[PDB]
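Engineer:
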Amino acid sequence: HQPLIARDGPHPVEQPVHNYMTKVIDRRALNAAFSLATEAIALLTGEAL
Amino acid sequence: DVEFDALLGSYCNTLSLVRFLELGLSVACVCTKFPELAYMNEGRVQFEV
Amino acid sequence: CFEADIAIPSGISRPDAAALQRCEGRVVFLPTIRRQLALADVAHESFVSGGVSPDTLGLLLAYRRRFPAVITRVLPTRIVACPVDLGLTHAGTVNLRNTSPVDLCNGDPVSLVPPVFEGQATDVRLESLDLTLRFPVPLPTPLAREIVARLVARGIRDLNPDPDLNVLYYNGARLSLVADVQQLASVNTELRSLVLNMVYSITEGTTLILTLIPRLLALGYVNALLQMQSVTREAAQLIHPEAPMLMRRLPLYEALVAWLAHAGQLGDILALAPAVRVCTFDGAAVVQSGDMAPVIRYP
Amino acid sequence: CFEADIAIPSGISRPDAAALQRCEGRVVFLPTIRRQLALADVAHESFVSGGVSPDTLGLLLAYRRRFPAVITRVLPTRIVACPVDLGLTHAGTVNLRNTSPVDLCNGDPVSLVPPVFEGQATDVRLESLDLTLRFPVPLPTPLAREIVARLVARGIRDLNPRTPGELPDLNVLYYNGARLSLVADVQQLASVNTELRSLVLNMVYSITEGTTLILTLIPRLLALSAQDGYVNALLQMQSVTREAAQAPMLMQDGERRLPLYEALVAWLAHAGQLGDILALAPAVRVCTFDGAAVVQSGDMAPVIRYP
Amino acid sequence: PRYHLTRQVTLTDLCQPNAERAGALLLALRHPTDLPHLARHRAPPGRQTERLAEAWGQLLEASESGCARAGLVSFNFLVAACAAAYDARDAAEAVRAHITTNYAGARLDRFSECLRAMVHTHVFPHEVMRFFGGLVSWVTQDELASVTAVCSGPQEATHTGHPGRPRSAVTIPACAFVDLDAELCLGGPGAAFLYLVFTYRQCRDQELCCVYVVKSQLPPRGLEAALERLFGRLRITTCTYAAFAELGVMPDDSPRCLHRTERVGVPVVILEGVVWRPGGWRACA
Amino acid sequence: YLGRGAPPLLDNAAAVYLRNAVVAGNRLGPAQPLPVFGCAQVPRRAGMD
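Those protein sequence lines, which keep their order, are chains E, F, I, J, K and A.
Under the authors' numbering, think of the first position of the first sequence as 100, with each following residue one higher.
Under the authors' numbering, think of the first position of the second sequence as 51, with each following residue one higher.
Taking the authors' numbering, I'd label the letters of the third sequence as residues 5 to 166, 174 to 230, 235 to 262, 267 to 318.
Taking the authors' numbering, I'd label the letters of the fourth sequence as residues 5 to 165, 168 to 252, 258 to 318.
Taking the authors' numbering, I'd label the letters of the fifth sequence as residues 106 to 168, 176 to 215, 220 to 353, 416 to 441, 445 to 466.
Under the authors' numbering, think of the first position of the sixth sequence as 1130, with each following residue one higher.
1. Since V313 of chain K sits in a beta bridge, which residues does DSSP pair it with?
2. Specify the secondary structure class of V178 of chain I as computed by DSSP and reduced to three states.
3. Reducing DSSP to helix, strand and coil, say where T93 of chain I ends up.
4. Looking only at its chain, what residues have a beta carbon closer than 7 angstroms to the beta carbon of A148 of chain J, apart from the 5 residues adjacent to it on each side?
5. In its own chain, which residues sit with a C-beta less than 7 angstroms from the C-beta of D125 of chain E, not counting the 5 before and 5 after it?
6. Just checking, does the segment 272-289 of chain I make contact with the segment 280-290 of chain J on the three C-beta pairs under 8 angstroms criterion?
7. Check whether the Cβ of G306 of chain K lies closer than 8 angstroms to any Cβ atom in chain J.
8. On the three-pair Cβ rule with 8 angstroms, is the segment 60-71 of chain J touching the segment 13-23 of chain J?
9. For the segment 319-330 of chain K and the segment 280-300 of chain K, state whether three or more C-beta atom pairs, one from each stretch, are separated by less than 8 angstroms.
10. Chain J beta carbons: is any one of them nearer than 8 angstroms to that of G151 of chain K?
11. Taking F33 of chain I as part of the beta strand (DSSP E), name the residues at either end of that continuous run.
12. Shortest alpha-carbon distance to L219 of chain I belongs to which of I:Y317, I:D112, I:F139, I:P256?
13. If you measure beta-carbon to beta-carbon, which residues of the segment 63-88 of chain F are closer than 8 angstroms to chain E?
14. Assuming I224 of chain J and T214 of chain I make a contact with CB atoms under 8 angstroms, what is their CB distance in whole Å?
15. Determine the direct distance from the alpha carbon of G29 of chain I to that of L140 of chain K, and round the result to whole angstroms.
16. Determine whether the beta carbon atoms of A85 of chain J and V32 of chain J lie at a separation below 8 angstroms.
17. Exposed or buried, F248 of chain K, counting other C-beta atoms within 10 Å across all chains shown (16 or more means buried)?
18. Classify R1174 of chain A: buried if its beta carbon has 16 or more other beta carbons within 10 angstroms, exposed otherwise.
19. With the cut-off set at 8 angstroms, would you say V235 of chain K and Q121 of chain K are in Cβ contact?
20. I'd like the list of long-range same chain contacts for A47 of chain J, defined as Cβ closer than 8 angstroms, with 5 residues on each side in sequence excluded.
21. If contacts are defined as beta-carbon pairs under 8 angstroms, then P87 of chain J and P113 of chain J qualify, I think. What distance do you get, rounded to the angstrom?
22. Could you tell me whether the segment 291-310 of chain I touches the segment 90-104 of chain I, where touching means 3 or more Cβ pairs closer than 8 angstroms?
23. If I follow the unbroken alpha helix (DSSP H) through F227 of chain K, where does it start and stop?
24. In the segment 237-305 of chain K, which residue ranges form an unbroken beta strand (DSSP E) of at least 3 residues, counting only runs that do not cross its ends?
25. Mind listing the chain I neighbours of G93 of chain F? Cutoff is C-beta to C-beta under 9 angstroms, in chain order.
26. With DSSP collapsed to three states, give me the class of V46 of chain I.
27. For chain F, check one thing: does any of its Cβ atoms lie closer than 8 angstroms to the Cβ of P19 of chain I?
28. For a contact meaning CB atoms closer than 9 angstroms, what does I37 of chain J contact in chain I?
29. Cβ atoms of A11 of chain I and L41 of chain I: under 8 angstroms apart, would you say?
30. For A200 of chain K, would you say it is in contact with chain J, using Cβ-to-Cβ distances shorter than 8 angstroms as the test?
31. Considering only C-alpha positions, which residue in the set J:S104, J:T60, J:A125, J:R82 is nearest to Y181 of chain J?
32. Rounded to whole angstroms, how far is the Cβ of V237 of chain J from the Cβ of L207 of chain I, which I believe are closer than 8 angstroms?
33. So that I know if they touch, is there some Cβ in chain K lying closer than 8 angstroms to that of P1172 of chain A?
34. Between the segment 74-81 of chain I and the segment 80-97 of chain F, can you find at least three pairs of beta-carbon atoms closer than 8 angstroms?
35. Just checking: is the beta-carbon of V210 of chain I within a distance shorter than 8 angstroms of some beta-carbon in chain J?
36. Mind listing which residues of the segment 299-333 of chain K have their C-beta closer than 8 angstroms to chain I's C-betas, in chain order?
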């Protein structure tokens, strides 16, 4: 909302004004990664014991 | 599939209310409540100095 | 009525306070319709545009521009004037001040230029703040359109001299138009602006078609219908002007546009559109000169 | 106002409802005086006569016997309009939206012109029901009369194409600078001929028996442009009058018939009001309460009645 | 503010609002004491300029300035005044029977000689007798007529049309089937404009007059397209025939009628719902 | 003959003889020559059973 100021002359009257704006989210999806070696799974499943 | 939109914030501002006394230039004025001044048009302000 | 308040400037002389009282009912042309208006904006010095005080041409441009206003009540430090052109049709009855013709029960008055009569008549000049109010003359439309063509005719006889045009008898009025002693030297020099338009746009109007019709009808339905109406009426003066005077498409077509806008402006400058109407009630309906008349908004 | 409702017929596309939301303050040409109307009688398909759509002269001919109205409120099913030619009896002062490259003034008379500039297309599209709505261009009356005189003489160039093929433009308008480009595409014969006939007709009635007395003063003007500054700008450089000097003939019927005074009024009645017969009549006058002295291109102007 | 009133004290030599109805298109009589002077001008001198001085001088003989200037020609008074002029018989003799029984027909014969003479010396009866209103009341004495006859546009027939349905209110009779030339034969539903049209023709039927009304949903600026049509009287050859002033708007298209009730059987038209938008005259060619 | 959108006869004598004899007394016979755009304006009989 904006305040206004009275004057006296040919400069006009001042209506009270407003803005009422809206913004929009923009989204990024950011990535990490890691792998496991092939003979490292068979330790975890219990196949290689 | 679940899809939706949402609103996230309604931020408003407070109107900054000031009275005229709070400024520093309240010294230089002598503000008197003097009604019906425009109903006379005769310019006569006199005081003894 | 949305009566816009014209502000008197700061203190004036006592004869200047009484002079603006007798203007109660004159016509005032306000440029904008702010509810607060100064009086210098109203005055004739605010009509100065080209660095000169205007003639009746420059007044009729300005009078066809800004908005009319009748002074309702004259107040201390304020003038309360309701404008004409705001409001719906036929609302807000108010009083005009009559000037010498009759202004009958109807007749649709026109707020037309002050120098159509004696030069410094009605020029209310405040000596204190040193400004000038030239109030215009409220005349009805057939009496408006007659006289504004009557004075521009007179300047032609003065523009190159050798019946007195200025009789114009009305229903009860023997209208003395001639102020011979000092005004006809000053009224003729003010239509110097308006005459030279009126001469040109005729001579640019006639001489264009005098070289159009020989260059047209020679390359359909234009030839059939136009000559069907001008059978020995304009063709009689076609042989008359081409013989008793002198005789290029591209200068002509570039002059076709230039005349038509200039001839179009004189339709708005002259011809004096009815601003307001008189329509009386409980009244004698035949208004004396200097008498108040009930006057309502739209034609 | 005599509020005229324009029914919005069928479905509506979600941008097509927003198409009407930005037209509050434009001008509807409606070919009646209705209290209820359907939208297709307004649209540019209804401008289309038998077989062809009118050209930029015939659009004015369509606009002549079709009554202007201004959108006042916007609803999804109705467009409440106010017919300027009738319902301008307002203490409400119906607003107008400037749709032009032109700042008008405060107080200039405003008339309507079809879209005739290169970038001011203004033809909206409705995908639900296939209608085009060429909105007219509200312009000041000195500007509009300076437009219409260009299209007429260009249409007369379309009658007879003598000289070789290097003609001057009649495609260039100046308004406070601002070299404006018109759209010079096609000139329909009847839209020329109906506009050509009235111009030739009105100028013949502007010559009366006392008219040739004014033709005597042609060397009187050329002496004045040699010694006055107002006359020199009045007789312009590309004037046929300056070429014309390259005649009283008393003949007086009765010798008191006021020979000048009839030649002025008849010229004022016939060739003076060429702006009313070529273009539409002025009815729109800009009346700004808050003290705005100008109305910007794209802004709103409160409007009162006839000039 | 959708209410206005007029009031003018005139004489009963013309309209005589007692024998007239509550609905009457009162025209004026603008400037009777004028036209020895402008009848002399606005015409060639081969027009015998003393004719309006004599024929109206006979008309004032048919009955000094008095305490009431001569006004209020009714719309009734004009129908008989051009009854021999327009090409319609046995529908024009009925209104003349309404006048010579209820209004002296010597005031008609002196007036129709003026109607030929007005167009003879080129000073037309338009730009004379501007529209005045709708005759609410007639408080008329023996010699006077102080008629409240409201001007000022739309409300003048609605203020005499809202309370109209009970008893007998205005109804605004067109007063002739030959008059009220109801146009838009090629017409559909819409609010129409009323006009007041005077057609002319110089030396064909010797400066002819025709006084009637047209009704159209056509603009006054587009009416000249139709007024140039629909006539065979385009053969003067000077000019300025077919004048018209806008009577205003009829915003009820169904409400036009055809009846024969007055006073003497006078064929008539009920016109229910009128805007009296007063307008101005428009005569160039 | 209420509505013609077909070309007429060449012979104008045949063009009126085959009309004035046909539109002589049909109550679907228009009581004027036809306008260009619009209906034929069929007469109304005084009453109908």
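All C-beta atoms, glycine included, are put in the ideal place defined by N, C-alpha and C.
Structural biologist: Per the coordinate set shown:
1. On the fifth sequence, residue 313 of chain K is found 197 positions in, with the first residue counted as 1. Per DSSP, K:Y328, K:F422.
2. Locating residue 178 of chain I in the third sequence gives position 167, counting from the first residue. Shown here, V178 of chain I sits in coil according to DSSP, grouped into three states, outside any helix or strand.
3. Residue 93 of chain I sits at position 89 when you count from the first residue of the third sequence. Note: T93 of chain I maps to coil in three-state DSSP.
4. The residue you call residue 148 of chain J lines up with position 144 of the fourth sequence. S115, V117, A290.
5. As a first step, residue 125 of chain E is located in the first sequence; it is residue number 26 there, counting from the start. There are no such residues.
6. yes
7. For the purposes of this step, residue 306 of chain K is identified with residue 190 of the fifth sequence, where counting begins at 1. It does: the Cβ of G306 of chain K has a partner Cβ on chain J nearer than 8 angstroms.
8. no
9. yes
10. Along the fifth sequence, read from residue 1 onward, the residue named residue 151 of chain K stands at position 46. Yes, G151 of chain K lies at the interface with chain J (some Cβ there is under 8 angstroms from its Cβ).
11. As a working note, residue 33 of chain I is residue 29 in the third sequence. First-last of the beta strand (DSSP E) with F33 of chain I: 31-34.
12. The residue given as residue 219 of chain I occupies position 208 in the third sequence. Here the closest residue by C-alpha is I:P256.
13. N63, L65, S66
14. In the fourth sequence, residue 224 of chain J corresponds to position 218, counting from 1. In the third sequence, residue 214 of chain I corresponds to position 203, counting from 1. Rounded to whole angstroms, the Cβ separation of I224 of chain J and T214 of chain I is 6 angstroms, and the two are in contact under 8 angstroms.
15. As a position in the fifth sequence, residue 140 of chain K is number 35, starting the count at 1. As a position in the third sequence, residue 29 of chain I is number 25, starting the count at 1. Computed Cα separation, rounded: 32 angstroms.
16. Position 81 of the fourth sequence, counting from 1, holds the residue named residue 85 of chain J. Position 28 of the fourth sequence, counting from 1, holds the residue named residue 32 of chain J. Yes, they are a contact pair.
17. Sequence index remark: in the fifth sequence, residue 248 of chain K carries index 132 (1-based). Per the 10 Å Cβ criterion, buried.
18. What you label residue 1174 of chain A is simply residue 45 of the sixth sequence in a count that begins at 1. With fewer than 16 other Cβ atoms within 10 Å, it is exposed.
19. Position 119 of the fifth sequence, counted from the start, is the residue given in the question as residue 235 of chain K. Position 16 of the fifth sequence, counted from the start, is the residue given in the question as residue 121 of chain K. Not closer than 8 angstroms, so no.
20. Here residue 47 of chain J refers to the residue found at position 43 when the fourth sequence is read from its first residue. Here the set comprises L135, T136, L137.
21. Position 83 of the fourth sequence, counted from the start, is the residue given in the question as residue 87 of chain J. Position 109 of the fourth sequence, counted from the start, is the residue given in the question as residue 113 of chain J. Between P113 of chain J and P87 of chain J the Cβ distance is about 18 angstroms, and since that is not below 8 angstroms, they are no contact.
22. yes
23. Sequence index remark: in the fifth sequence, residue 227 of chain K carries index 111 (1-based). Segment 222-236, the alpha helix (DSSP H) holding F227 of chain K.
24. 247-249, 260-264
25. For the purposes of this step, residue 93 of chain F is taken as the residue at position 43 of the second sequence. Correct list: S14, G15.
26. Taking the first residue of the third sequence as position 1, residue 46 of chain I is located at position 42. Assigned with DSSP and collapsed to three states, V46 of chain I falls in coil, not helix or strand.
27. Counted from its first residue, the third sequence places residue 19 of chain I at position 15. By this cut-off, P19 of chain I is not an interface position.
28. Along the fourth sequence, read from residue 1 onward, the residue named residue 37 of chain J stands at position 33. Residues of chain I passing the Cβ test: none, with the nearest at roughly 17 angstroms.
29. Within the third sequence, the letter at position 37 stands for residue 41 of chain I. Within the third sequence, the letter at position 7 stands for residue 11 of chain I. Annotated as proximal: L41 of chain I and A11 of chain I, with beta-carbon spacing under 8 angstroms.
30. Here the question's residue 200 of chain K lines up with position 88 in the fifth sequence. For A200 of chain K, the answer is no, since every Cβ of chain J falls outside 8 angstroms of its Cβ.
31. Numbered from 1 along the fourth sequence, position 175 holds the residue referred to as residue 181 of chain J. Checking every option, the nearest Cα to that of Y181 of chain J belongs to J:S104.
32. The residue you call residue 237 of chain J lines up with position 231 of the fourth sequence. The residue you call residue 207 of chain I lines up with position 196 of the third sequence. Confirmed, Cβ separation roughly 6 angstroms.
33. As a first step, residue 1172 of chain A must be located in the sixth sequence, where it is residue number 43. With 8 angstroms as the cut-off, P1172 of chain A does not count as an interface residue toward chain K.
34. Segment contact: the segment 80-97 of chain F against the segment 74-81 of chain I, three or more CB-CB distances shorter than 8 angstroms; contact assigned.
35. To locate residue 210 of chain I, count along the third sequence from 1; it is residue 199. It does: the Cβ of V210 of chain I has a partner Cβ on chain J nearer than 8 angstroms.
36. none
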